[PDB]
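Q: to kick things off, part of the complex as it is:
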Amino acid sequence: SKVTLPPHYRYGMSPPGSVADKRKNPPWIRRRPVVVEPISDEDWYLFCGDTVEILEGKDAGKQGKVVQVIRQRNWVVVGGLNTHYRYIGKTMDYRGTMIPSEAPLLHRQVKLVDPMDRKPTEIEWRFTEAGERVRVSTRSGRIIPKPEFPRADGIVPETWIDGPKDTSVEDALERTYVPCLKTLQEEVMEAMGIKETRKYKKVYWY
Amino acid sequence: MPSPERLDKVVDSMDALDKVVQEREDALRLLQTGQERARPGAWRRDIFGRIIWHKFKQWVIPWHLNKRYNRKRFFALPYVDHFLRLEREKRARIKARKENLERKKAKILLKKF
Amino acid sequence: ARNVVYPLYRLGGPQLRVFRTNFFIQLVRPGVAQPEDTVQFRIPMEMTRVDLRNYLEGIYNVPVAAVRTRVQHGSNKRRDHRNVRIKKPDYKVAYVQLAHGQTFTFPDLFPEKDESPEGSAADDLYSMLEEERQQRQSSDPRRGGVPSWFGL
Amino acid sequence: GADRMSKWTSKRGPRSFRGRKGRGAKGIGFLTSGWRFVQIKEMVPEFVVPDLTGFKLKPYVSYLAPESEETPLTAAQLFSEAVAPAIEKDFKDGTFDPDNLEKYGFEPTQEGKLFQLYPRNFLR
Amino acid sequence: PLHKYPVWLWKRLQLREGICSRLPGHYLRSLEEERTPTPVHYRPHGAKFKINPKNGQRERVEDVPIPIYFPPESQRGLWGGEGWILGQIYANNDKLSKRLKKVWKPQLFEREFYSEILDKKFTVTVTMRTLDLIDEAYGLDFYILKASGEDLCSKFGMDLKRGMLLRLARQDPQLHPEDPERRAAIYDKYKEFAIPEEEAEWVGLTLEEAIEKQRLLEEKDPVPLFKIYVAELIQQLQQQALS
């Protein structure tokens, strides 16, 4: 759950909590770290779910969507575009089923595209005076909303069903606390009918 | 395990409940007595010359006649100043080397990018 | 409760009562042979016999007759990569017994592997893999080594 | 040589060391002159377990519960919520006296009642 | 790396920190004064320039002190400006022999005095120079009150000085009623000093004792926040009502 990562750990697509990650770089090799661009959290404009465009590569000028983002090394993948070829099932007597695998790209090679004309355009962070903070274009002045992407919880609230050990909503938001000058221990003692006649004598503290 | 996240969920729920009840107890103590941290104590210097927070153990007999509490010394004595100075110099070297590392990293970032 | 300073009791003071306890018992299945009345638990290092009796008779309300506990010392021989011993966390197992002569066994939480729902992001890949395995494994030793793709 | 990196448990000393070490168990009594233990019933932690019959609250919350902002519960909020209305009520009429404040919950000392806050007489 | 302040300024830094900075100004000045004592074990030079023989050229001469040792018996009793000299002495007063070590010890005479300001007799192992200074100062109280802290070289002397200063400042009844003329004459005899009360309590105290006294004066149990809260509440309601 909470494992301490090495100070110079290499992020290679696979999450740190996996068998392939422990097989790749086990805690014994301290290879050369890869210095990445020091990008802050407020300037990160591209998210996960919006459409992007590959600048250059084996298939430049093509569109696609992002399914996973990496903030440690600025690695982003495209939904089945700049991909190669490998094999999934591999044994000692038979192997096949060639399934393409995506390749990560950098932020300098990925530009956000506006859905109005489907053209590459640099997007800046212009703080709106209404209250929220969205993304505003530069040469076009257009606004690009945040793409709706499912959270990591793996469950949507539009069809959630309360189980046996799941409470409702009308009881969790019921105002039942009464502010007073009584401790919880004495309150739960006097509420159950527990009484006490003797007191506590004098004691020192040193 | 079928669902290991339920354990962590219950753990964080109980931790939040403990934090809430501790905050309530601290607020009530400040409204009544007005002193933070229900564990009493004072800043005392040990033999090693380290400024630590000594916690009271709550005894029965007082301290002016106890046999085991009187054997617990609380004075620096002029022979630990050199060790404290050496520890300060070591920590200063650590901080200077950390600052040098940060400056080298900044220079590498400005040179490559 | 554990990791909590207990108040010093004076001769004639009030009853020491705890509300929100900080104990976590674990019902572990016995490894060796045990009778039908002896139940094995696992209490933390800061728990005695009367405390376990009160914890079992206050919450679960289980009639406990006798409690016999002992300390278990974890292993300490496993070496890492830099030649260093790995210390395992210790625990204290219990051996409580029922009072009214009742019986208790340890059921299994596992023999129920009858699950086959709709799988699109997991079962589809396995179905494609098994279909490819069934369609590809068709070698012919009479060919010698020529590929079976050219229809000529 | 013997071990040094390992901690001092209760399986290292001879016959004269097994006993006074222990595993940090809380004592509930003392000894006498006949190798006996005098257990006091007022020293064992008594677990107070309330009834759970008519209690309609599950340990897990539903996902349909709306979220809200988080803020610490300081002493000023509790004061302004509890003592402020009573003080305003007794002052708006004409009977407030700054000499006595024991009728609002304030205690000048902690040696009067049982459950003291600063010395903490209760366990947990 | 290097340090910002020298090694002989850390005491001043700690005094200017926080807990040691709340001390009064007169006490800090008396502690940082540091004045050389009077020559005891060596005859000081007359003028700053001395004409040495063999050559008719003037040269500047200086009187250096003698590193003497102060045992706790000196701090307990009332000694003069002497003590233990841990020096070295040659054989037959010649440098072409053997350099031996010799430690001189002062003479101790267990006598008995009588202080007029305190009206109580004390048994002090007095020496000879102290008796000579007492006879020259015309009494013991004058010798205690006139000599500064760098002349007593003892804690009992500073304690007696502080006690006499407090007795002369507070105007507390020394003896007893039914005869105030004696107390009036005693107070009039010692009138050329009269150190105020706020400055006489910090005379002769060490650093640790001064820190302890400052902590005891600045103790103050934490006032409950309920009083401050109700005070702010009543102030706010008065401000919103009177307007």
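A: Alright, I've got the coordinates. Numbers count the residues shown, from 1 in each chain, chains lettered A, B, ... in the order given.

Q: show me the strands in chain C, by range?
A: Assigned by DSSP state E, the strands in chain C fall at C:17-18, C:38-43, C:64-67, C:70-72, C:91-98.

Q: among the ones you listed, which is nearest chain E?
A: strand C:17-18 (27.3 Å; Cβ to the nearest Cβ). Bear in mind the C-beta positions are built from the backbone N, C-alpha and C, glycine included.

Q: next up, the contacts around the closest residue in space to residue E:225 that isn't next to it in sequence.
A: Once flanking residues are discounted, residue E:225 sits nearest to residue B:34: 4.5 Å by Cβ to Cβ, 6 or more residues apart in numbering or on different chains. For residue B:34, the contact set (Cβ atoms under 8 Å, 6 or more residues apart in numbering or on different chains) comprises E:222-226.

Q: related to what we said a few turns ago, specify the stretch among the strands of chain C that is closest to residue E:235.
A: Nearest to residue E:235, of all the strands of chain C, is strand C:17-18, at 42.3 Å by Cβ to Cβ.

Q: is chain D within reach of that closest one?
A: Yes - contact of strand C:17-18 with chain D (Cβ under 8 Å from any Cβ of the partner chain) involves C:17-18.

Q: extra chain here, label it chain F:
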Amino acid sequence: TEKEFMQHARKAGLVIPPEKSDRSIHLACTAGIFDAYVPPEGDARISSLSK
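A: Placing chain F onto the earlier chains gives this:
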């Protein structure tokens, strides 16, 4: 006098994408064919225009 051999790897591709992850695989084909076409038996005999 206390060294062993490292390099512990396997030559087999197991399952690891869908084991606790939020990124699926965007394929570009399928397994086999949808329905097997059945040519006529007299295809070689009637290889002309029509009949």
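
Q: would you mind confirming that residue C:24 is in contact with residue C:44?
A: Yes - counting by Cβ atoms under 8 Å, residue C:44 is a contact partner of residue C:24 at 6.4 Å.

Q: and the two? Which one has more around it.
A: Taking neighbours as other Cβ atoms under 10 Å in any protein chain shown, residue C:24 and residue C:44 compare with residue C:44 leading, 16 against 10.

Q: correct me, but the more buried one touches residue C:1?
A: No - Residue C:44 is beyond contact range of residue C:1, at 10.3 Å (criterion: Cβ under 8 Å).

Q: not counting sequence-adjacent ones, nearest residue to residue D:79?
A: Closest residue to residue D:79 apart from its sequence neighbours, by Cβ to Cβ, 6+ apart: residue E:229 at 5.0 Å.

Q: for the host helix or strand of the one you found, name the packing helices and strands.
A: Element membership of residue E:229, judged by DSSP states H and E, is helix E:225-242. Contact partners of helix E:225-242 among helices and strands, from 3 or more Cβ pairs under 8 Å, 6 or more residues apart in numbering or on different chains; DSSP states H and E: helix B:5-32, helix D:75-93.

Q: to the structure above, add RNA strand G:
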RNA sequence: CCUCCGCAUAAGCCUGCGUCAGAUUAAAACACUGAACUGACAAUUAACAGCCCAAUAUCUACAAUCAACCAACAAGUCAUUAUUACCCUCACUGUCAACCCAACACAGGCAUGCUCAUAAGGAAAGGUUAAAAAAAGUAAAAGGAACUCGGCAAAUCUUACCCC
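A: With RNA strand G now in place:
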């Protein structure tokens, strides 16, 4: 076949030949798989020895050695009284092992009880031939220390003389 051994107590790191998968590589002086291993499963529950004793004043010279004759000298290993107060009671440490100290799985060393050989426990030999040399064991036609500075392993069983 040996038992000049073993079982317990005392001292000692505490999990160190139970199961499962790997046994492709890695430590067995070679193999099976396991006293020179990786991860998971849990052993040992006290009644055994400890964890000890409310004070004020006072009291305790005729040993042990079957202790009954006798006999001593190194003159000795064990005990209570009056008063005050105290009727809550069974908590804690370990119960595994083929194990310790000597760099080791070493022909070295370790305190007491038990049958002084038994109901404890183990194998001098991997196979092939009988080279020379060396070490450990039985005896030999005649002499029994005649070889060696000296009775130097050895078995018979051995008296007298001198110095210290």
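
Q: coming back round to it: and the helix holding residue E:229, how far from the chain's centre?
A: With Cα atoms, centre = their mean, to the nearest Å as the basis, helix E:225-242 stands 51 Å off its chain's centre.

Q: what is the burial count for residue C:72?
A: By other Cβ under 10 Å, 11 other residues sit near residue C:72.

Q: once you drop chain neighbours, what's closest to residue E:224?
A: Once flanking residues are discounted, residue E:224 sits nearest to residue B:34: 3.5 Å by Cβ to Cβ, 6+ apart.

Q: for the one you found, identify the helix or strand it belongs to.
A: Taking DSSP H and E as the definition, one finds residue B:34 inside no helix or strand.

Q: before we move on, back to that, may I have the helix holding residue E:229 exported as PDB, CA atoms only?
A: The C-alpha atoms that make up helix E:225-242 are tabulated as PDB, following Å, rounded to 0.1, in the frame of the first residue of the first chain:
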ATOM      1  CA  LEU E 225      -8.700  30.900  27.200                       C
ATOM      2  CA  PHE E 226     -12.300  31.000  28.400                       C
ATOM      3  CA  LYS E 227     -11.700  34.300  30.200                       C
ATOM      4  CA  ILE E 228     -10.100  35.900  27.200                       C
ATOM      5  CA  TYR E 229     -13.000  34.600  25.000                       C
ATOM      6  CA  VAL E 230     -15.700  36.000  27.300                       C
ATOM      7  CA  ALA E 231     -13.800  39.300  27.500                       C
ATOM      8  CA  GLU E 232     -13.600  39.600  23.700                       C
ATOM      9  CA  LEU E 233     -17.200  38.600  23.500                       C
ATOM     10  CA  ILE E 234     -18.400  41.300  26.000                       C
ATOM     11  CA  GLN E 235     -16.200  43.900  24.300                       C
ATOM     12  CA  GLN E 236     -17.600  43.100  20.900                       C
ATOM     13  CA  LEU E 237     -21.200  43.200  22.100                       C
ATOM     14  CA  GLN E 238     -20.600  46.500  23.900                       C
ATOM     15  CA  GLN E 239     -19.000  47.900  20.700                       C
ATOM     16  CA  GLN E 240     -22.000  46.800  18.600                       C
ATOM     17  CA  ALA E 241     -24.600  47.900  21.100                       C
ATOM     18  CA  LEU E 242     -23.300  51.400  22.100                       C
END
